[PDB]
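Colleague:
Protein chains in written order, with the deposited numbering: chain H, 3 to 315; chain Z, 5 to 73.
1. Chain H partners of residue 41 (chain Z), CB-CB under 8 Å?
2. Verify the CB distance criterion: does residue 131 (chain H) have a CB-CB separation below 7 Å to chain Z?
3. With a cut-off of 8 Å on the beta carbons, I'd call residue 223 (chain H) and residue 75 (chain H) a contact; round off their distance for me.
4. Relative to the alpha-carbon of residue 233 (chain H), which residue among H:56, H:109, H:208 and H:137 has its alpha-carbon at the smallest distance?
5. Could you spell out where the alpha helix (DSSP H) holding residue 126 (chain H) opens and where it closes?
6. What do you get for residue 132 (chain H), buried or exposed, if any count of 16 or more other CB atoms within 10 angstroms of its CB means buried?
7. Here's the rule: buried if 16 or more other CB atoms are within 10 angstroms of the residue's CB, otherwise exposed. What is residue 215 (chain H)?
8. From H:309, H:72, H:136 and H:310, pick the residue whose C-alpha is nearest to that of residue 201 (chain H); which is it?
9. Strictly under 7 Å for the Cβ-Cβ distance: is residue 312 (chain H) near chain Z by that measure?
10. According to DSSP, is residue 204 (chain H) helix, strand or coil?
11. With a CB to CB cut of under 7 Å and the five nearest residues on each side skipped, what residues in its chain are close to residue 114 (chain H)?
12. Kindly indicate if chain Z contains any beta-carbon less than 7 Å away from that of residue 172 (chain H).
13. Let me confirm a value: residue 194 (chain H) is counted as buried when at least 16 other C-beta atoms fall within 10 Å, else exposed. Which label applies?
14. Going residue by residue through the segment 242-312 of chain H, where are the continuous alpha helix (DSSP H) segments of at least 4 residues, counting only ones entirely within it?
15. Applying a beta-carbon distance threshold of less than 9 Å, which residues of chain Z neighbour residue 168 (chain H)?
16. With DSSP collapsed to three states, give me the class of residue 189 (chain H).
17. Starting from residue 65 (chain Z) and walking both ways along the alpha helix (DSSP H), at which residues does that stretch end?
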């Protein structure tokens, strides 16, 4: 097998080259110059951080825990980078018997990275950032499965290969008009660089899964946390975008698929700079109280539609 | 003659005024586009599903036609 090794090393570079965009686009959004000194346009700085944070930075926590803690950055990468495997792409690595089920299960398993980092420090200061990270993720897992079901019943089955073929004339944004707007919010269930987000950034509280971790484990967390942002951006570009298929020419698909994802890649960092944090209590009131009755009403609506007019795979 | 700091009036900068104004969407206009996109959305989607039926029966026909398998 060569394909897996050709989907980790160039992918870790994409999370590395993200650091440019994380302060270049975000910089111009705030009217400030980002990467400039290090490279021609600061292009040598993202690869410099790998030399900076791993080879020279040494920390291990004080009071600590036993085997757990250092188990958590292994759980961070080894569950978020595996998410690249079930992706349909032009051609998938081992096409699943049911596609999106593996995508939804491993995403919830990726939440454990911020959960086990609560017991990284035995001291109570770190676990407050963990307990906040529970509720900021636990509620949004409800709608994430429901809004999927309304799209999946509209087009094909759980298999991700069928989701490419179903969009031949028009996108799925237009039939699922309120549901597409939900997937700019529901995608930010995992601790991502955003305005909605979770307990990961500083601002008000101490940094979750970062105050306990070093540099080396803490550096490994960013290579997983920012990796999930690309993952949700690609996953939205499958469920809601498509444009064309073309099995004969893979070259025409690969260029067209990347532009659609890159426009969404900018959009989350667009969200991050623009708006403040939603608060621990009031994020639980955005969904559950307000958005859950809306999504279920649309779920009720999407059950009737294949019966009203023929729509069965 | 002694020279000091001079005063300038002209327009007096215009202090305290609401620059915020509503643009593009009004209220009733965006809902006509919103439901209009939905009506166009479901109608175009189900036509492909009916086109899928042409393939669906024909794909399963291959198993019925092949009995030496």
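Ideal Cβ positions, reconstructed from N, Cα and C, are used throughout, including at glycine.
Modeller: Reading it off the structure:
1. 176 and 179
2. no
3. 6 Å
4. H:109
5. 126-140
6. buried
7. buried
8. H:136
9. yes
10. coil
11. 77
12. yes
13. buried
14. 252-276, 282-288 and 294-310
15. 49, 52, 53 and 56
16. helix
17. 32-69
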